[PDB]
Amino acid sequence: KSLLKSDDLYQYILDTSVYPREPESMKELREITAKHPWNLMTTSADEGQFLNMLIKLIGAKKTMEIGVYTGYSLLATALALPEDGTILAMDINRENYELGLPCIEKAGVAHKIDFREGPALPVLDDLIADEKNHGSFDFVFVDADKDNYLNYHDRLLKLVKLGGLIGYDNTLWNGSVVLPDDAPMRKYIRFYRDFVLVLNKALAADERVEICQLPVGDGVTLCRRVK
């Protein structure tokens, strides 16, 4: 299941270092999400823990999330932000968000969320149209449609502050990045594999950011804006 050499080792991390400290609201949201047919899309508990610590470490206040689903990474983020922190959250699908929103409200951090229903790209274009929004975001978590990540990247580098951080999710893509082409793959795995392979090379060659691709979850590539 995980990217690690054994399920035992992965389960050890969860049991030893993740679940004992998982906030109750996130446990709640996870268990709700696990019953939903699209539950494979949710952010893993270990990755949620990482994002939550990352938010604290970088002192982020104003963030953005592209790809919300039922809200596990969104809640992990909201809980880590200061009481007056904000998240601009985007998903084409509103109803899955609203499935998770009750947990977030109960957690007392729903006031931080500005949820927008619809495709992310036009929202980004509108933001960029106003210079006011340039360099205003501390952090962006991108966990949506892979064939648009290069396009998001172009826009987000205008919207994120110098020294700010963008996380691209699923950049190791089930480990399919090292399967031969003729290996058996699910259709959607094969389709997006092409884009992930290009994305990872484009980020490596992009001197506007410093990068770090981590084997957390399904891979996450941290991009720190330096130009």
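Throughout, we count residues from 1 along the sequence that is shown.
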Mean Cα B-factor comparison, 29-37 or 171-179, giving the higher one as deposited
29-37
Between 201-209 and 17-25, which has the larger average Cα B-factor in the PDB entry?
17-25
Considering only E98, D138, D143, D147, which residue's Cα atom bears the greatest B-factor as recorded?
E98
Among the candidates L88, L81, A107, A76, give the one with the maximum CA B-factor reported in the record.
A107
Where does the C-alpha B-factor of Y152 rank in its chain, lowest, middle or highest third?
middle
Of the three thirds of Cα B-factor ranks in this chain, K161 occupies the middle
If you rank the chain by CA B-factor, which third does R190 end up in: lowest, middle or highest?
middle
